[PDB]
Structure formats: structure tokens, C-alpha cells
Amino acid sequence: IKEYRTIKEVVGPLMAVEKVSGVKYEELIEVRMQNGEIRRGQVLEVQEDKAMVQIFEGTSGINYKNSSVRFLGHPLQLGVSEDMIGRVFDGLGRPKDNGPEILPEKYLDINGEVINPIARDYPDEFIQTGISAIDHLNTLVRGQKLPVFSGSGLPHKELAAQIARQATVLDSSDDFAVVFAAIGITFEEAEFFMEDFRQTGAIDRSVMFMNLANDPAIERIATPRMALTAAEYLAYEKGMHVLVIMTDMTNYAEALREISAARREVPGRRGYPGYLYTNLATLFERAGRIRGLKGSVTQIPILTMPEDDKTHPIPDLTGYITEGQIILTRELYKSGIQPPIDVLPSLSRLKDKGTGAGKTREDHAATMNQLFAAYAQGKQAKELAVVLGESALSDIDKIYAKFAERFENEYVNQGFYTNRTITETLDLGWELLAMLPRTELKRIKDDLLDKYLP
Amino acid sequence: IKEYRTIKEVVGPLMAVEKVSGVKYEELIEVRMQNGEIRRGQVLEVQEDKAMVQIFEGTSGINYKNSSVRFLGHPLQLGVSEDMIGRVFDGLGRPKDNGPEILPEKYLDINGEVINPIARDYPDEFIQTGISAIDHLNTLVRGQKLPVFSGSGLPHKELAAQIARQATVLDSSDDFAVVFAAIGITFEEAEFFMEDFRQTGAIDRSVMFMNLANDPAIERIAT
Amino acid sequence: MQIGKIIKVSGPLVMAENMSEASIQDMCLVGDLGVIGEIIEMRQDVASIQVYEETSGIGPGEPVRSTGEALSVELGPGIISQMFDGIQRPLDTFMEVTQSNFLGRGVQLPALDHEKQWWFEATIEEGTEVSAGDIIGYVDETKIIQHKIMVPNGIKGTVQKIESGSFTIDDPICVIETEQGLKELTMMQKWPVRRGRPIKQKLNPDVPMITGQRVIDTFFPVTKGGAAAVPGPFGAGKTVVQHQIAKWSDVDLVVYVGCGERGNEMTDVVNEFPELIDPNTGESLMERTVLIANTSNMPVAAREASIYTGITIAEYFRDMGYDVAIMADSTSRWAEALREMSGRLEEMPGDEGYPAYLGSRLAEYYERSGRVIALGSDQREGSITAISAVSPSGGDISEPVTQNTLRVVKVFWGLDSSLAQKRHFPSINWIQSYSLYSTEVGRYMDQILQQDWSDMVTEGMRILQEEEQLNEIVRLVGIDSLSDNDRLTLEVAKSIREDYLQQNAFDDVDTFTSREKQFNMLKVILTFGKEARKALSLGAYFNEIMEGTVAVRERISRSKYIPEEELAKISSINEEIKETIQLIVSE
Amino acid sequence: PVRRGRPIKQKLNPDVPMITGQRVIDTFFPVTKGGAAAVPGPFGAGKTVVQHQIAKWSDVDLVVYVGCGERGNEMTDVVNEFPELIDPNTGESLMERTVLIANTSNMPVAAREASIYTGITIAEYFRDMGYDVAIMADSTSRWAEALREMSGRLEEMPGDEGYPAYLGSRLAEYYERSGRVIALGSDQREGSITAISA
């Protein structure tokens, strides 16, 4: 490789390099300044002998006359290896922790390749997250894209950490792993993850990509593609059940508009780029099972809904690429419910694939619909009680009201460090159904009531 | 007469012809493609020896080097004649009813001319439409602009056909004619009017301009 | 052979010089990889190409080759029972040649098998003057469908040499002497997806399509060549209705197009569609089905050109004289890809963040379907029936692509999630759904079976509409405080809902209801209402009717399971109803 | 440099609660040494009196008050009523432990933007020495309006309500520089920067 000392223009984070040949699109560069500082970069546009590059660390303090540009000849790559489990990396894959650097088995582009539609396999087996609101009512399935919608200041970092600790497959012949990708989060959240993952030993089953909020916007955009590249490697080449957790996905969209505003591009809805639906789909569709392969990729993207609005572009477009959502409400968090999961607006489109005998007990779908319908009338009677006092509530309306109270404090509120097995979750659901009289339980078949109902 | 083989640029639906002369604004053109396909177009901007044209049928598959542009010298016109009564035309005015094309008395710009405010006359006589609400609660007058606001799925298709058949003046001292203009409608909707006008005989005193939804948007504007 | 040189690569836009021979909208192979690209703008020898795949690793100086043709589709033996993407790349053969479960870029493969030996049986005679569309032979491509070889467009001459033998789609099978000279023909022809196949004449569809689904074929029928819009809400069973139409409709071929979809939703189609069984032959349904599968991660151009590829294939079989049914899922995700392509072209934003020509592109799609008079001296007829699915975020039907679709189509099967929760399948709202073919189909029905079928459907719908108005009053006053005429109307409507509208697609007999079986089934229900109402005006209480009519009502309820060769058991109900009712009033 | 943070050995989790003296804060809504806190401070709410209580009875060693584009009449109040605050222990003027920065609204725009970066850089210098510093930003909203002015002067793409699209990144760069860290050296001394903004 030869150095190029021809820098014609320096306009913001962009930089013009001239008299070059053999330069490709999106390849990495290194900039050597008068001081000797090294700064990574990426080619955004190249025509004839000219070349336009964008520097990650910034453009401050660069003299065009006494600087040079090195073209590495490769795009953004990740050195994949089986030794990445138990290690913390930065946004682009450098050893963030003070550990021995890994020997890469190979290098892969972060963009990856599209999965052949005939080669993708359907989701079948059920993933036990240990959380009653996500194992019973909104089941998670191998290869499903089930996100979590949260608000600013809500305990979604404890929820994402809890699932990474408790997620498991009920089969012996399998290797389970978690790819935790922090995206533009603060140091205090980053310190919470890294400390908790080592406190509970979950780091021995995880590959963490920590990207801070003061990190450059390019690394924030590359962080999901980096983690998803390591996820597809462990699942499709090493045959492992990989669970991907992304936080925060709203920060990812905030980085796209910041980049799109620098590129002078035309904004779409709410100023976000028109290609936000597709750029997000490039990430969320990098999951699922493949025929003949034992490994699989499951994604749980966590995003914070701006202004707690579901019609916002970021939560809306995510619903068009994912198979459901897990809603976190502040009202439940105000009552100490942990995790504050509102089961009424939450949904799993693939929940029917990992339920029933052989994947769960025979009463999974039955108690799911009964608990859901009973919790609906309970909160309907609670809301009706504030309007016209507690006098207008009937006997069953007061029974369902007490059901909704106990359904929140004893069933949903389990604690961020309580790993309920699937049998405990179902047995507990029957204990709460014992509050209601047997006549109210219309959906549950009579044979099931005689077997499980206390 | 002149055939121009000098096409410089083809950018989207617009072409750029250079080394041209005598081209006027909104002049109708005719593009001869390299595969014998003929596409007509209009001039949007002309400067010096250059000319910017917009092709009606589109720009797909046009090679700049092996294609020619023919400047006709006249804007969009219409061949008017009394023989148009009882005939069906498309958006561009070309015959559509599988009938012998008729020779016109003259050609007129479709843009029309503004009526002199002093030469214009006030509407004075009412029109019998056959509909109770149009003839009593409301009333149609000769020279009035009375539109019908409708919605998707509403039977505004049958109502416009009903008026065209039942429109007459009492007593019929002078002749009455109906000019029906279909603007970007579906085929089954257009085939409805053609079959209804010929079945009831209303076609014999009417002229029909039918423009489909799959037709170019330029034809939809000129209809 | 002309090769261009790349002079600029900026994201999805690549400009190349030395492109004087290329024309607009031509496909290209960009760079050493040869990634697929399309010429959007061209000024002098410098063309501006919109690259469809990733341009990473592509720079100036790399070669660019123009295919000399727009986005086309290979049409010949080997196209049936194949799963393609939007640009018609064979996913089956692509996976074998690549030997990987992923889609590499630059891998260019032909759509059809150019090496397979097909037996071409010639039906034409030498010396015959042939034009476009004239059939010169056929190939037994599948056990269900006979692929007919026809003279392509632009060819017009006299047949000089025709022979029957096993050839590939590349071997010349026929020699024709045109006015220019001798020209050879093969079993495969190419056609641009953005240009409609020429027809002799277009006809409005006045013949109803027999889907065997009672709610559809009776109240909201579609005609061979019409278009129906189905909105897909989660849990409504759109897949079941789509499957029942794909296998029970009296169409020769079925074209399924997936514009965009979740990888798990598209996988559901790839697995469940080949398992559908053609009722008549007993073979797999793929023997008469061409499938197109795309996902969100796939290139946007493949997602945008998905419906144009599938409707060109349907037009190809339409010209042979077949009845084709094309289903798109989802047109909304197709419109999203259309808006993304519009953003890459920096086009002006239209209403609600959609290109201003959104209605035009939708109109250009549905105006290619319909009953036509195909080319050729045979003047044979063919049809294309469009069954498009609309997926609106939030479920709102006022979204632009639905209103523009509903402005063109005449049928709408409003799926309802609230009906699916009540175990009402097919979950089709009978109040919100409609069909503008109901009048013409009713005239066709009265003629074919010599009965007043049109007057029965209107009454059955009038009873259902009266039930809705009574339920509002019921919610306010109660069920007991109603006249016996109102009480009878609710039970008649309950019979129409449970005994006619609801049918299980998995039941061996109830999955398909013939036209004559639909008639007798609706007649015995309406006959019960007439005889009960007539006796109600003779001093009989509503409770008295239901008391002595338990046995007959149950026989009416289970009439949906009566076999087709036992319709006499459904015709004798009317005589039993009449005798039972007059026996009650006699007591 | 004012737009570049000072190097540290490592940043630590802020866990030591700062004794503010105010019962409502220290009991229900506390802030640790190196933590951040936001204040609306509407009209008549008395945020002027509250800021002084946090500036006097806080166990921090240094106070850095920064005014980023504040009203002049309001600014001249802070100028007057700050050398009057007595220290709880020593009894001297509070300016013996305070570095003040004042910008009027009609002042140059870039000065109002660089104000928030000047105080946080000065606070980092006192933090490297091992002291616990507290920087008060009032009012950070006027600083956001300074960016909205400079963005228009550079013809940048509008974001939400006209504010630039990198408004969140600039705010993130500010609060991420503050906190309990380990300063550079061969003794590993500890400092902290608690951020209070209005």
C-alpha cells in the first residue's frame, strides 16, 4: 500500500482526495496528519481520479497540505472467531475490555448477504425467557423478531439484561448464546450492563458490542451490522441458538437523520430518512432458521418510543418488519410492577408456533386467552370505578377488579432477577384463575378445568 | 418535413434536441425510434438551437443516437366537423369506434379562446334533465356550470348516462347535442357508456371522447 | 460487443461512459461483479445507472455491459412449478449453483433451464401462414398443464420447416419465411415486464368465477377477469382464504407474487403452497402454479417489479387461452418499495409520502387483467383475475394505496379480526364487503340454473342488514321485548350466518360448495323464513314455531355436509318445511 | 481545546450521593456526585433561590456557573447576588470557589454556544486535580437556540422545531464529559463533575 499526499478539499467531516486509482466504494481509509494522529474513514463517493471520504473521529485539526491518506483496500470487516464469547468489543469490534485480542478465523463484511427465501426455515421451537409476560401470553419463538417498546427513563435496560441471563432452549443438544449490542447509550447504562453480565456470569454466554453515546455517529450505525454479523457466524457456521438484543434502536434512527442531514438528503416523515423502513429491514430481517442448519438467530430489538407515541415513525416502521411488540407502560412502573409489561397492547404474531404439548403443556393457549380476557374486564371495571364510584360495580365486576390487581402484583411483577420456568408460569396462571368462579371460565375446556384448576 | 437525428440527452421523460431551428413553444413533435415505434410529444422549453421535449408515451427504450425527432410545426389541435356526431374518439381525438376517419373542416387549438365579457350572454332558458331533484329543487339552465359531487363507488356513472339520454329542450325549436368526455376511467366503466349510448340510441346525438386510466397523463389533461 | 467504463460510483448511482449503443431502461452488469443495474438517465455516451444490488467494492474503471433489453422475463417450458424472485431469478437453481443458503451479488443465472430436454409435439402444418399468437405445437410441461408453443409477436410469415422432437428452449424448433427472410423460432420467448402483451380485443367479464366459497360466490362474487381487494388483518385467516381460492377456483393457472414480506411470512408461503392438492388431478398444486417470493431484505427493484413480472407470466398463459388467477401479497409492501425507488430518484413527494403516480401504476396493473380475445387466427379467449391483498398499518382502509386500489377494482372482501375471534370463518364482514359484479352475475345465475337466484341473494342480504339494525335496538331494550316477526328475523339471519356464511376449509365436504349446492342450501333457509313468517301472520307465536321445528332446523343446519351426489336430500327439505308449518297451525 | 474532553484513567460509576441540604432532593430525588439533573424553572417558581441553595450547601469543592445566552436583566442579577453568598464553613464569599461565565442574549451567537463548553472544560481541569466540581448550566434552552441560529447561518437541514439534527449528539457530548472519574497520574486520585442544568 502507498500513501496519498493529495488532499484538495476539506469540507466538514468530508474530505476530497485526488490523483488516486483503484479506489472502491465504502472502503476504509486511514488519515495521517502533521501530528501523526491516526483516524479511520470511509469512502462515500469516488469518480475518475477524485475520491470523497468521511472521517469518523472528525475533521478538526487537519491540514490538507501536510497530511496523507492510506487506502486499506477492504470495507468494514469483522474478525469472526469462536473465541469472541465472553469478550466485550467496541462499536467496530476492537477489544474494548482489557483482554487478549482474538485470532480471527475469517473476516466478514458487516452488511452480510440476503437469506435465500427457499432456504429459510419456519420458526418452530419455543425460547424460554423466564418472564411470565413473555413466556405465557406473548411467547418467543426461535427466529422471531419480537421487539420491546419502552419509554425514556423506563426500566428497559434491566429487562434486556434479564432476558440475556434467563433465555434458554429446553433441548440438551444445543449451544445457546446472546449477542448484546449497545447502541449509543450512556456510560452509566454501559457500566450497568458490563458489571451485571460479569456479576451473574451471563458474560460467559454473551458477546457484547458496547457503543457509547459520545462515540461517532458512524459507529452507532455500524454497531447493529457488526453484532448481527457475529450473530449469523455463531448460528449458521458454528450451529448455535443465538439471541440478539439491540438497545437502543431509537438512537440508531437518531444517528441516521444526523447523517442524512449532513449528506443534504431530503427528509421523509418527521424528518427521518425515506429509507428508514428499508435500513431497519436490513437489520431486522437478518434472523430466522435455515433448512439443514441447527443454529438460529432470534432478535429482540429494544427501542424507546419518542413522546411515548406508538404512531411515531420509529415504532410504526418497526411493527411492519417485526412479528409483534412488548409494550412497557409508565403506569405499571409507577405501581412498582417489574417488569412493567402491559399485556393488553403487547402481541406475538408467532406465539402459536411454540405452544401446545411437546413445546409446553396442553393448557398454554387456553389459559392465555382466559387470563387475557379476565385481565381485560378487570382493568375495565377499575377504569369504570373511577367514573361512577365503586358503588356501580357488580359482584363479578368487583371480583375481576381484584383479579386485575393480583394479576399485576403477583403474576406480571416478578422481579428483574427471578427466572420462572415455564411450568411455574403456567401453574401460577391457574392459581390466579382460582379467584374467578368456574362459570366465568368459558374458553377453557371442561376437561382442562378438572385437571389443573385448584 | 425536416427529420432531426440530433438527440443530445434523454433525462427521465424529457429529451434534449440540439442544433435545431424554428421550434416554437408547446409545439407538437413526433419521435421515430430505432425499432420503428412512433411516439408523439410536446415542447416544454426551447432556447438557442436547443429544444426540450416531453414524450407522451414515455421514454423507455429510446436510444438517443439511432432515434429522430420530427417537429410538426403545429400545437395540439382537433379536427372539427359536423361528422363527429355519432362517433367515438380517444383522448387525442383519434377515431376509436372502428369507423372510417372523417375529413375535418378546420383545426382548432384545444386551449380555446376567452369569451369577450361584453359579447357573453346570460343563461336564459332551462334544460329538462328528467331528474326530479335536478329540475325542481335545483334547476339546470342553458349555459350553466352545474357539477355533480360524488364519491368512490357511488352511481355517478349511471346518473351521467341518464342525463345524456334524457337531456332535451321544450319545445325543440333548435338542435340539441351532448359532448361526453371520459377522463382516466377504467375499461369496464368506459365500455359501460359505449354500450349504453348505442343501446338506447343516445349515441346518435352525441360525441364521445374516451380516455382510459392506463392512457398517458398528457392525454388525460387534454381530454 | 460494447463495454462501458465506470466514471463515478456514488451510493446506488453509478455513471459509465461508452454507453452509446445502450438505451433507456436497459439492464446492465455493473463492475467486475456485474451487479444488476438499470439505465435511468443517458446523456451522449454517458449513462446514469441505478444499481439494484450493493455497490460496495466497485470503483471507476470497471467494465459495464448492457444486456440490450429492458427488464424482461423468459417465457417457455420450465417456467411452471418454479419459485422466482422479482427479477425472475430461479431461487431453486440459484441455491444449487451458489451452494450456499444466501444470495450472492453478481451471480447471473438464466430464469429457465436451457439444458433440459423437452418433447415438442408439433400441431402446425407446413406451408401455413402464421401471425403472432398462432399455436405451432405444445409441450407437456406438467401433469396438469399443457404448455402451448405460440408464434411470438413481430414474427409474421409462412412456416417452412416444422419437426417433432426433443429439444431445449434454445434449439430452433421451427423455421418461418418472413417478408425480410428466413427466421428461426424456439420454445422460449422474452418479453418486457413493463409492457402489456398485445391482445386482439378486450371484453368485460360477465362470467362469474366459481371459487366454491359460499360467502364469496353468492353475496360478493368475482368474475373471470375482475379484481378483488382483500385487506389482511392479523388473525383473520387471510392465508386460508387465499389457499381456498388458489385450489378451488376454476382457473387453469395460479400466479402468486410476493412483493415484500417478513421472512417468516414468506417462508409460510414457500412451505404451505406446494402442499396444496389440485382437487381434480390429485397432484401438487405447484404443477399449475408459478410462485414469486421476495422479502424486505431483498433489493427494492425486485420488490417493486414483483407484480409486473407475475402479471406478464399470467398474460403469457392468458394468450394460450387459459384462465389465470394472479394474487399479490402485499400491494401495500409493493407501494412501499415503489416509494423507496422514488426516493432514490429524488422525485417530488406526493400525497401522504407516496409518488404522485401511485394511482397510475396501480391502474396500469389492474388494466392488464381481464377477459380478452388473444392473438392468432383461433381468436381464442383468455382471462386474468386479480386477487390482491392490501396490508395497512393500523388497519385503516383510508390509506392511499387502498383507496386507489378500490377506485379501480370492483370487489372488496373485508376481512374482520372481530369475526375471527368469534370463530366465524371465513371471517368476511358481510356489511362492509361489496361486489360491483353482483348485478351481472345475478343475471348470469338466473339464466344458467333457470331460477330466481338474483332475488334470493338480495333478500338474504336484506335479512342480514335488518339483523344489524335489530342488534342496535336489542342492545338498548333487550331481546325479549321484540315482536315475533323481529324474533324470527334474528333467527333467519342467524341461520344465514351459521348455516351458509360459515364454512370450514378443512372439512372434506364443506371445503367446497358447488353452484347447485349453494342454490338449494340458500333456498331451504329462505323457504323456512317464508313459511314461518306466513304462519306468524296466521296467529302462531314465535316460540311455537321453534318448538315443533327442531328436527327440520337441524337438518337445515347440517345441509352443508351433504355430498354433491346427494343434493336430493337438500331439495326435499322445502316439502318437509311446508308440511310441518301447516301442521303446527292446524293444531 | 474547548470542544475536546480531558483524558482520564477511567470513568467510574457515580454512586456517592451529593449532600445538597435540601430535604426534598436528598430524600426523594437525589443526585450522586458526578450525576446530572435537569430543572424547568418557570416564572415565579423561585428557581433563582433554589440554585443558590444547591450552590452553597453542596459538599463540592468548586462551582462553575455558566450562562449560555441568558437575558441581560436576569444575568445582572446572578452577577450581583453571587459574591453575597457566604460559605457555610469558612464564612468568606462564595467567589473564592466559583468560576462564573456570563453571556447576554444580544451577545455574539458563537459565544453563547461555546459557553457551555467553556465551563465544562474548566470544571474538568479542577476535576483532574482531585476536586469534586459542580457546574450549573442556566439556561441550557437558550444554548439550544444558539445552535438553531448557527445552523441557519450555515444553511443546515432543519430538524425538530428548527433545531439541528445533531442537537442530541451535542447534548450527549456535554453530559458524558461530566462524572466521577479517576484522574491521570501515578497515584490514581478521584474527581467528579456533577451537572445541574436549567
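Above this note sits the structure.
Asker: Talk me through the sheet that holds strand β12 (residues 135–139) of chain C; I want residue IDs and the actual numbers.
Answerer: All names here are of chain C. If you walk across this open sheet you meet the 4 strands as β13-β12-β10-β15, and the pairing is antiparallel. The open sheet has two edge strands with one neighbour each: β13 (147–150) and β15 (165–167). Averaged over all pairs of adjacent strands, the angle between strand axes in this sheet comes to 35°, irrespective of strand direction. Both strand β10 (residues 118–122) and β15 contribute to a ladder of 3 bridges, which runs antiparallel. Its bridge partner being in β15, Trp119 is matched across the sheet by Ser166.

Asker: I'd like a description of the packing of aromatic side chains, backed by residues and values.
Answerer: Overall, the coordinates contain 29 aromatic pairs over all chains when judged by the stated rule. When the ring of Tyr117 of chain D is compared with that of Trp143 of chain D, the centres are 6.3 Å apart and the planes differ by 75°; the resulting orientation is edge-to-face. A residue pair is termed long-range when its members are at least 10 positions apart, and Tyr117 of chain D in helix α4 (residues 109–128) and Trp143 of chain D in helix α5 (residues 140–153) qualify at 26 residues. Just as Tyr117 of chain D is buried, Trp143 of chain D falls in that class too. Here a set of aromatic residues connected by ring pairs shows up, and it is made of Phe180, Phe192, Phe193 and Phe197 of chain A. In this structure, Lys157 of chain B is placed above the aromatic ring of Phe192 of chain B, and the distance from its NZ or CZ to the ring centre is 4.9 Å.

Asker: Outline the pattern of salt bridges, listing residues and values.
Answerer: Residue and element names in this part refer to chain C. Counting across every chain of the model gives 83 salt bridges over all chains. For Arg361, the salt bridge is made with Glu304, and the minimal N-O distance between the two is 3.8 Å. Here the residue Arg361 occupies a position in helix α8 (residues 358–366), and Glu304 occupies one in helix α5 (residues 300–304), the gap between them amounting to 57 residues. A relative accessible area of 8% places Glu304 in the buried class.

Asker: Let's hear about the interface of chain A and chain C: which residues, and what values?
Answerer: By a frequent convention, interface size equals the accessible area lost on bringing the separate parts together. Each side of the interface is counted separately: chain A has 44 residues, and chain C has 45 residues. Taken over both partners, the interface formed by chain A and chain C buries close to 3900 Å², and the fraction arising from carbon and sulfur atoms is 54%. The interface formed by chain A and chain C includes 1 salt bridge. Between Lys8 of chain C and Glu45 of chain A there is a salt bridge, with the nearest N and O atoms lying 3.9 Å from each other. Taken together, chain A and chain C are joined by 19 residue pairs in polar contact. Every element with two or more residues in the side of chain A that touches chain C is listed here: β5 (38–47), β11 (114–115), β12 (120–121), α4 (217–236), α6 (276–284) and α7 (313–321) of chain A. Of the residues in the side of chain A that touches chain C, the class split is 21 nonpolar, 7 polar and 16 charged.

Asker: Describe the nonpolar core, naming the residues involved and giving the relevant values.
Answerer: Residue and element names in this part refer to chain C. Core analysis: the largest hydrophobic core is formed by 74 residues, its most contacted members being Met187, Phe317 and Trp334. The greatest single-element share of this core, amounting to 7 residues, is contributed by helix α6 (residues 306–319). Non-local contacts of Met187, meaning those with residues more than four positions away in its chain, are made with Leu75, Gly76, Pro77, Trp118, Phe120, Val139, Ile149, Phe167, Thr168, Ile169, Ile173 and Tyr316. One finds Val254, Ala293, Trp413 and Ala535 within the second-largest nonpolar core, a separate group that totals 70 residues.

Asker: Mind laying out the pairing of strand β6 (residues 63–66) of chain C, listing which residues take part and the relevant values?
Answerer: Residues and elements named next belong to chain C. Strand direction decides the pairing type here: strand β1 (residues 3–10) and β6, joined by 3 bridges, are antiparallel. Looking at β6, one finds that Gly4 is bridged to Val64. In terms of strand pairing, strand β3 (residues 27–30) meets β6 through 3 bridges, oriented antiparallel. Paired with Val30 across the bridge in β6 is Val64.

Asker: I'd love a proper account of the sheet that holds strand β8 (residues 88–89) of chain B, names of residues and values included.
Answerer: Residue and element names in this part refer to chain B. Read from one edge of the open sheet, 3 strands run β8-β11-β10, paired in parallel fashion. Every interior strand has two partners, whereas the edge strands, β8 and β10 (178–185), have only one. The sheet contact formed by β8 and strand β11 (residues 206–212) spans 2 bridges and is parallel. Counted as the bridge partner of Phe89 is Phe209 from β11. In the packing of helix α3 (residues 187–200) onto the sheet, contacts are made with β8, β10 and β11, and the angle to β11 comes to roughly 165°.

Asker: So what about the arrangement of the chains? Which residues, and what values?
Answerer: By number of contacts, the leading pair among the 3 pairs of chains in contact is chains A and C. The two units chain B and chain D never meet; even their closest C-alpha atoms stay 27 Å apart. Taking C-alpha atoms only, the smallest gap left between chain C and chain D, which are not in contact, amounts to 16 Å.

Asker: Lay out the packing of helix α13 (residues 484–501) of chain C against helix α14 (residues 515–536) of chain C in plain terms, naming residues and giving numbers.
Answerer: Residues and elements named next belong to chain C. One can describe the packing of α13 onto α14 by two numbers: an axis separation of 10 Å at closest approach and a directional angle of 170°. Classed by the angle they form, the pair α13 and α14 counts as roughly antiparallel. Contacts between α13 and α14 pair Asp484, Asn485, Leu488, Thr489, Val492, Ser495, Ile496, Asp499 and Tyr500 from the former with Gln518, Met521, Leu522, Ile525, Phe528, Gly529, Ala532, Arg533 and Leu536 from the latter. Here the contact of α13 with α14 is composed, by residue class, of 10 nonpolar, 5 polar and 3 charged.

Asker: Hey, could you go over the packing of α8 of chain C against helix α9 (residues 400–408) of chain C for me, with residue numbers and the actual values?
Answerer: Residues and elements named next belong to chain C. In contact at an axis separation of 9 Å, α8 and α9 are set at 40° when each is read in the N-to-C sense. Regarding the angle of α8 to α9, the classification is oblique. Every pair of crossing elements has a handedness; the one defined by α8 and α9 is right-handed. Touching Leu358, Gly359, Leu362, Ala363 and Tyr366 of α8 are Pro400, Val401, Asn404, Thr405 and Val408, all from α9. In terms of residue class, the contact of α8 with α9 is made up of 7 nonpolar, 3 polar and no charged.

Asker: With reference to specific residues and values, describe unusual backbone geometry.
Answerer: Residue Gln338 of chain A is joined to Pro339 of chain A through a cis peptide bond whose omega torsion reads 0°. Examined against the element boundaries, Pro339 of chain A turns out to sit in the loop between α8 (330–334) and β23 (347–348). Here the residue pair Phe425 of chain C and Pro426 of chain C is connected by a cis peptide bond, since its omega of 0° sits within 30 degrees of zero. Residue position: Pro426 of chain C is located in the loop between α10 (417–421) and β27 (434–435). Even without being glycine, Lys19 of chain A reaches a positive phi, approximately 60°. Inspection of the secondary structure puts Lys19 of chain A in the loop between β3 (14–17) and β4 (28–32). Of note in this structure, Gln188 of chain D is not a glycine but carries a positive phi near 60°. Residue placement: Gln188 of chain D occurs in the loop between β6 (181–182) and β7 (190–197).

Asker: Residue-level account of α3 of chain B, with values.
Answerer: Between its first and last C-alpha, α3 of chain B extends 20 Å over 14 residues, near the 20 Å set by a 1.5 Å rise per residue. Along α3 of chain B, the residues classified as buried are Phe187, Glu188, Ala190, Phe193, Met194, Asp196 and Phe197 of chain B. Check the buried side of α3 of chain B and you find it contacts β8, α2 (156–166), β10 and β11 of chain B together with β19 (201–203) of chain C. Just beyond α3 of chain B, the residue with positive phi is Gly201 of chain B, at close to 85°.

Asker: Provide a residue-level description of helix α2 (residues 156–166) of chain A, including the pertinent values.
Answerer: It helps to recall that an α-helix has 3.6 residues per turn; residues three or four apart then point in one direction. Counting buried positions along α2 of chain A yields 10 of 11 residues, so the element is predominantly enclosed. Within α2 of chain A the residues assigned to the buried category are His156, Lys157, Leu159, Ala160, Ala161, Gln162, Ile163, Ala164, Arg165 and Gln166 of chain A.

Asker: Explain a negative patch on the surface to me, and be specific about the residues and the numbers.
Answerer: There is a patch of like negative charges on the surface, built from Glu82, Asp83, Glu105 and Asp175 of chain B. One can find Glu82 of chain B in the loop between β7 (77–80) and β8.

Rules and cut-offs
- Residues numbered from 1 in each chain as written, not as in the entry; some residues may be left out.
- Chains lettered and ligands numbered in written order.
- Part of a larger assembly, values for the part shown.
- Heavy atoms only, no water.
- Residues with missing side-chain atoms left out of burial classes, pairs and counts.
- Pairing = 2+ DSSP bridges.
- Helix = DSSP H or I, 4+ residues; strand = E, 2+ residues; numbered from the N terminus.
- Axes fitted to C-alpha atoms, helices over the stretch in contact; angles between N-to-C directions.
- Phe/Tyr/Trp six-rings, centres within 6.5 Å; stacked < 30°, edge-to-face > 60°.
- Buried < 20%, exposed > 50% of the residue type's maximum accessible area, 1.4 Å probe, protein only.
- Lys NZ or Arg CZ within 6 Å of the ring centre and 35° of its normal.
- Salt bridge = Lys/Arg side-chain N within 4 Å of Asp/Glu carboxyl O.
- Contact = heavy atoms within 4.5 Å.
- Buried area = accessible area lost by both parts, 1.4 Å probe.
- Polar contact = N/O pair within 3.5 Å; in protein donor to acceptor, adjacent residues only side chain to side chain.
- Nonpolar A, V, L, I, M, F, W, Y, C, P; charged D, E, K, R; others polar.
- Core = buried A, V, L, I, M, F, W, Y, C linked by side-chain atoms within 4.5 Å.
- Parallel < 35°, antiparallel > 145°, perpendicular 65-115°, else oblique.
- Left-handed = near helix turned anticlockwise from the far one by under 90°.
- Expected span 1.5 Å × (residues − 1).
- Patch = residues over 30% accessible without salt bridge, like charges linked within 9 Å, V, L, I, M, F, W, Y side chains within 5 Å.
- Areas by Shrake-Rupley, 256 points an atom, 1.4 Å probe, with all protein chains shown as cover.
- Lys, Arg positive; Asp, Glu negative; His and termini not counted.
- Charge placed at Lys NZ, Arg CZ, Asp CG, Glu CD.

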